[PDB]
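Chemist: Take this structure, written in structure tokens, and hold onto it; I'll ask about it next.
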Amino acid sequence: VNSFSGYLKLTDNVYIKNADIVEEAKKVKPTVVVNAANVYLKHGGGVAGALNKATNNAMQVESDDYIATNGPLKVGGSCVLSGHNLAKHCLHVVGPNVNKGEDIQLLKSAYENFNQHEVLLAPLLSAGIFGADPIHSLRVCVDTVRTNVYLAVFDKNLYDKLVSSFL
Ligand SMILES: O=C(O)CN1C(=O)c2ccccc2C1=O
């Protein structure tokens with residue numbers, strides 16, 4: 001048993017809810033929240049900007065030190081940093097950004113990072129402002145992630161469409 005509430009069960013391991021991931025993280029305090037990061041860990045908008053704002057910019061301060069030491073992530077890659085006030089850990093995962101011209105085939109590699117964690121609260125990778133088709137992102141998630149993932153879908157209209165169209 002875990003603390004996640006009100007999710008629709010899609011598969012053995014994938015659950016989904018219409019939720020603000022910031023509000024969900026604040027309520028659940030999961031072991032792992034996933035950030036929709038870029039390779040620079042520059043948390044300006046979407047989930048990253050919202051998560052970072054909720055940490056009072058502490059996520060960005062920690063991230064800048066990480067990049068100064070290690071250099072940028074890879075598209076498809078990840079790093080584990082603090083979850084600050086939102087979670088034990090934040091798994092920063094870089095899905096391909098279609099609005100920057102990145103290979104959508106990298107989305108499966110991005111989701112493979114989730115398999116290193118038994119349970120995660122996460123957004124749909126490459127969805128929202130990263131420009132991918134969220135229906136596709138959900139299909140790759142279901143077909144890639146084997147650990148237990150709780151997906152927060154910000155947009156109520158997209159949530160309804162993802163559930164209704166799910167195979
Ligand atoms: O719902 C989310 O989680 C991510 N996401 C989208 O994929 C999307 C598409 C069109 C309008 C708003 C949004 C949005 O927020």
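If you're wondering about the labels, chains in the structure tokens are A, B, ... by order shown, residues count from 1 in each chain, ligands from 1 in order shown.
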Near residue 147 of chain A, counting only C-alpha atoms, which residues have an atom at most 9 Å away, once you skip same-chain residues fewer than 4 positions from it, shown as a ChimeraX atom specification?
Modeler: /A:13-14,114-120
Chemist: Within 8 Å of segment 69-79 of chain A, counting only C-alpha atoms, which residues qualify if same-chain residues fewer than 6 places away don't, as a count of residues only?
Modeler: 17
Chemist: Give as a count of residues only the residues surrounding ligand 1 up to a distance of 12 Å, considering only C-alpha atoms and all ligand atoms.
Modeler: 43
Chemist: DSSP says strand (DSSP E) for which residues of segment 89-149 of chain A? Put them as a list in words?
Modeler: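 Answer for segment 89-149 of chain A restricted to strand (DSSP E) is residues 89, 90, 91, 92, 93, 119, 120, 121, 122, 148 and 149 of chain A.
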Chemist: How would the residues just picked look written out with C-alpha atoms as a PDB file, in the first residue's frame?
Modeler:
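Contents of part.pdb, freshly written:
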ATOM      1  CA  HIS A  89      14.315  13.039  -4.092  1.00  0.00           C
ATOM      2  CA  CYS A  90      13.754  14.740  -7.446  1.00  0.00           C
ATOM      3  CA  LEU A  91      14.588  12.659 -10.506  1.00  0.00           C
ATOM      4  CA  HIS A  92      15.343  15.264 -13.220  1.00  0.00           C
ATOM      5  CA  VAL A  93      14.584  13.508 -16.531  1.00  0.00           C
ATOM      6  CA  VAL A 119       7.601   4.274  -7.022  1.00  0.00           C
ATOM      7  CA  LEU A 120       7.435   7.735  -8.665  1.00  0.00           C
ATOM      8  CA  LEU A 121       5.119  10.727  -8.984  1.00  0.00           C
ATOM      9  CA  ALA A 122       5.722  12.003 -12.560  1.00  0.00           C
ATOM     10  CA  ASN A 148       4.970   1.955 -10.134  1.00  0.00           C
ATOM     11  CA  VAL A 149       4.310   5.353 -11.690  1.00  0.00           C
TER      12      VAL A 149
END
Chemist: As an MDAnalysis selection string, please: all residues of chain A that backbone DSSP puts in alpha helix (DSSP H).
Modeler: chainID A and resid 21:28 46:54 58:70 106:112 134:144 156:164
Chemist: Do you know which residues are at most 12 Å from residue 26 of chain A counting only C-alpha atoms, after dropping those on the same chain fewer than 6 positions away, and could you put them as number ranges by chain?
Modeler: A: 4, 19-20, 33, 51, 54-55, 83-88, 121
Chemist: Please save N, CA, C and O atoms of the selected residues as a JSON list (two decimals), in the first residue's frame.
Modeler:
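This went into selection-v4.json:
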[["chain", "number", "residue", "atom", "x", "y", "z"],
["A", 4, "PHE", "N", -0.77, 7.45, -2.44],
["A", 4, "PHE", "CA", -1.42, 8.08, -3.61],
["A", 4, "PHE", "C", -2.93, 7.81, -3.62],
["A", 4, "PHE", "O", -3.32, 6.64, -3.43],
["A", 19, "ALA", "N", -4.14, 16.38, -12.06],
["A", 19, "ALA", "CA", -3.60, 17.00, -10.84],
["A", 19, "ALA", "C", -2.46, 17.93, -11.21],
["A", 19, "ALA", "O", -1.79, 17.71, -12.23],
["A", 20, "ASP", "N", -2.34, 18.96, -10.42],
["A", 20, "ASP", "CA", -1.14, 19.82, -10.33],
["A", 20, "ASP", "C", -0.05, 19.08, -9.58],
["A", 20, "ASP", "O", -0.22, 18.83, -8.40],
["A", 33, "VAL", "N", 9.78, 12.54, -6.89],
["A", 33, "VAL", "CA", 9.01, 13.31, -7.86],
["A", 33, "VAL", "C", 9.91, 13.46, -9.08],
["A", 33, "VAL", "O", 11.10, 13.79, -8.94],
["A", 51, "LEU", "N", 7.75, 23.39, -10.25],
["A", 51, "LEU", "CA", 8.42, 22.70, -9.11],
["A", 51, "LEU", "C", 9.45, 23.65, -8.49],
["A", 51, "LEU", "O", 9.51, 23.77, -7.26],
["A", 54, "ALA", "N", 7.98, 26.33, -6.33],
["A", 54, "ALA", "CA", 7.46, 25.76, -5.06],
["A", 54, "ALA", "C", 8.59, 25.54, -4.05],
["A", 54, "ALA", "O", 8.31, 25.48, -2.81],
["A", 55, "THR", "N", 9.83, 25.33, -4.51],
["A", 55, "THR", "CA", 11.02, 25.23, -3.62],
["A", 55, "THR", "C", 11.64, 26.58, -3.32],
["A", 55, "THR", "O", 12.71, 26.61, -2.72],
["A", 83, "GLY", "N", 14.70, 16.46, -3.27],
["A", 83, "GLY", "CA", 13.30, 16.82, -3.50],
["A", 83, "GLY", "C", 12.88, 18.06, -2.74],
["A", 83, "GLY", "O", 11.74, 18.47, -2.85],
["A", 84, "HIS", "N", 13.78, 18.64, -1.93],
["A", 84, "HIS", "CA", 13.49, 19.89, -1.19],
["A", 84, "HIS", "C", 12.25, 19.65, -0.32],
["A", 84, "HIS", "O", 12.20, 18.62, 0.35],
["A", 85, "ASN", "N", 11.30, 20.57, -0.39],
["A", 85, "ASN", "CA", 10.06, 20.54, 0.42],
["A", 85, "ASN", "C", 8.98, 19.70, -0.24],
["A", 85, "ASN", "O", 7.90, 19.55, 0.35],
["A", 86, "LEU", "N", 9.24, 19.16, -1.42],
["A", 86, "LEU", "CA", 8.21, 18.44, -2.21],
["A", 86, "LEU", "C", 8.29, 16.93, -2.13],
["A", 86, "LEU", "O", 7.23, 16.25, -2.36],
["A", 87, "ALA", "N", 9.44, 16.35, -1.91],
["A", 87, "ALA", "CA", 9.67, 14.90, -2.02],
["A", 87, "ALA", "C", 10.99, 14.55, -1.36],
["A", 87, "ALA", "O", 11.80, 15.50, -1.10],
["A", 88, "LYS", "N", 11.28, 13.30, -1.13],
["A", 88, "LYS", "CA", 12.64, 12.95, -0.67],
["A", 88, "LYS", "C", 13.65, 13.33, -1.74],
["A", 88, "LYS", "O", 14.63, 14.10, -1.44],
["A", 121, "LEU", "N", 6.11, 9.74, -8.51],
["A", 121, "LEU", "CA", 5.12, 10.73, -8.98],
["A", 121, "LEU", "C", 5.73, 11.43, -10.19],
["A", 121, "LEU", "O", 6.88, 11.95, -10.04]]
Chemist: Quick check, in Å to one decimal: how far apart do atom CA of residue 142 of chain A and atom CA of residue 34 of chain A lie?
Modeler: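 Distance reported for this atom pair: 16.0 Å.
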Chemist: One decimal, Å: what's the distance from atom CA of residue 27 of chain A over to atom CA of residue 82 of chain A, could you say?
Modeler: 17.2 Å
